[PDB]
Each structure stands twice: as structure tokens, then as C-alpha cells.
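Next up: just one chain, as C-alpha cells, the form deposited in one PDB entry.
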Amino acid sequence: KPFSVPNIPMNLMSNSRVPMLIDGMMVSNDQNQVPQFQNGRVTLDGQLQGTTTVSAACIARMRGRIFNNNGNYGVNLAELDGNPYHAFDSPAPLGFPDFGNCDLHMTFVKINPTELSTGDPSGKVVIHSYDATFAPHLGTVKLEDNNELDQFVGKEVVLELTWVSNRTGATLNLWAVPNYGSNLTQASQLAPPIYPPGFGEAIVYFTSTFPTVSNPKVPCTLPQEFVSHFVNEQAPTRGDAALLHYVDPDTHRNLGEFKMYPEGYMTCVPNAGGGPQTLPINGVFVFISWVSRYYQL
């Protein structure tokens, strides 16, 4: 099966870290910055990594049963379909937010049909993605008590990320990797860090405007629809890098060349006119050829 990337304009695809349309590309201020996102992680031959899911419907969501232990509230986590999280494959349940060291402002609803016959099933809560009480790898996270959790104790809910704020005393760092928790000898299951290629190349980030307050631009290393595309195709990786063109949807003019590496990320060589950030956002990526990892952009 021949390799390809989606024939969909970039601005119709979702961020892989929040369910939001992509509205830009950027390179990092520090071109040596190492991303280690846990969502949007897949190889070019379609092997999922981290907490990455096929569907954008799972991005930055949680599921589980709310508990109250001696005034300490929390969620006992499950996968989003309600089946148990076994921690065999991922550092947290699939889809789990990968924003670390910050305050996650969640909206949630009861999800058991028996709890959905009448009344308001909804609530909201803050979850800190820090401290030992944030241990999603071990199946539990602490909820901040907002005096409105008691009606939900013992109930199964699904939670979604509404907005994010900085932890007191810290900036909101969207490159931070959550400390998901360790379990004795068990593997972390983390998707690996991506080290910048150097030699003029820079990792390309796809961005979405989103209410990460104090830093309202969420970077990711692949659009979500690239992930499902690769999972669907399972195309053998026949070279060390894939040469892409980013093409005008109307004129079919090549607007810039990119390299995709087997690990599932893209680079460019930024030029005089600002890097990829200056490109129109309605272009279409097209696979041209397998090339050497040393191919010169």
C-alpha cells in the first residue's frame, strides 16, 4: 500500500491535543525545544503511541467514577468507552489531556443511561496536572473540591477540557509533559521525545487558538486527521523521510516543502519571510516521494 497524507486542507483538520480546528503553523522560539506530546503521536506506518486515539472525539477527555475519601475527592479512571484502563499500552487512558503542571478546568456529565432520564446531569471541576495525587497512570486523579461534587460521588462521568490556567507560581508551559505516575517496574508507556533535527531544519507545530489562558495558542506535532489516516492506511515506511508539498487548493501551486519523519512529525527550513507561520492556512499537504533523512529542503 502506497504512502499518502490526507487530501484535506489544513484548516479543516483538528489539533491533536485539543478538539479545535488548526489555524496556523509555527516553529518554536527556541529551535532546540524538545516536544514530547502524548496525543497526536503515531508512526507513519500507523502505530499509535502515548495516549493517542483514532478519533478527534476522544481528545482531551476523561472518564471515570467520582469518589470522596475523607474530604479528598477524585476520579477512578476508565477508558472513554467505559471499559477498564489496564495501563498496558498508554501512560493514561486514551485521549487523556497531555497538558502538564497546570490547572485543567473540566466540564462533565453523568454518562450512565439510568442517570440520564431526568434532571441536569452536568457539572464542572478543576483538576491539577501535578502533585502525586495526579496519578492517571495508576488510575486516579484528585479533583479540587468546589463544593459541588457531592451529588456526583459514586457516579460515572465523562469529562472534557473546557479551558486551562496556570498553576499558581508557574507560567503556563504547553511543552510540559505531565507526570502521569510510575508503577514500580511497569513501563511508562510514554511516546518518546522528538529531538530537533538541526542543520537548518525546525520542527513544524500545528496551532489552534484555544483558552489556555495566558498562552492561548496550543501547539501539536500532527493534525488529528493525519493520525487516523495513517492508522487506516498502515502504509509501509519505505524511506527514512517523506517529502511533502504544501499546495494551494485552487492554483495547485507548491507553497513550500516539508519533510515527515517515520516517528510522525514534520520539519521545514525557515527562510527570509517568516517560516511556515507566514503561509496561508488553507493549503493541502501532498506526499511527493520517499527521500533520504539527509534530503536538503
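Numbers follow the displayed sequence, beginning with 1. Between two forms, the rigid core is defined as the largest C-alpha subset superposing within 1.5 Å.
With 78-86 and 92-100 compared on mean CA B-factor from the PDB entry, the stretch scoring higher is 78-86.
Of the two segments, 254-262 and 45-53, the one listed with the higher mean B-factor is 254-262 (C-alpha atoms only). When the C-alpha B-factors of 60, 231, 66, 269 are ranked from the entry, the top spot goes to 269.
Which of 187, 194, 125, 218 has the largest Cα B-factor in the deposited entry comes down to 187. Annotation for residue 275: C-alpha temperature factor in the highest third relative to the rest of the modelled chain, per the entry.
Placement of the Cα temperature factor of residue 35 within the chain: middle third of the modelled residues, per the deposited record. In the PDB entry, a CA B factor belonging to the middle third of its chain's modelled residues is recorded for residue 25. Residue 166: CA B factor in the middle third of modelled residues in this chain (values from the PDB entry).
For residue 135, the recorded CA B-factor ranks within the middle third of the chain. Only modelled residues enter the ranking.
The same protein also has a form deposited in another entry, omitted here; what follows describes it.
Comparing the two forms between the shown form and the other one on the rigid core, the single residue of 214, 182, 122, 162 with a CA shift of 2 Å or greater is 182. Distance between the C-alpha atoms of residue 186 and residue 129: shorter in the other entry than here (change of 3 Å or more). Inter-residue distance, residue 183 to residue 49 (Cα): increased by at least 3 Å in the other entry versus the depicted form.
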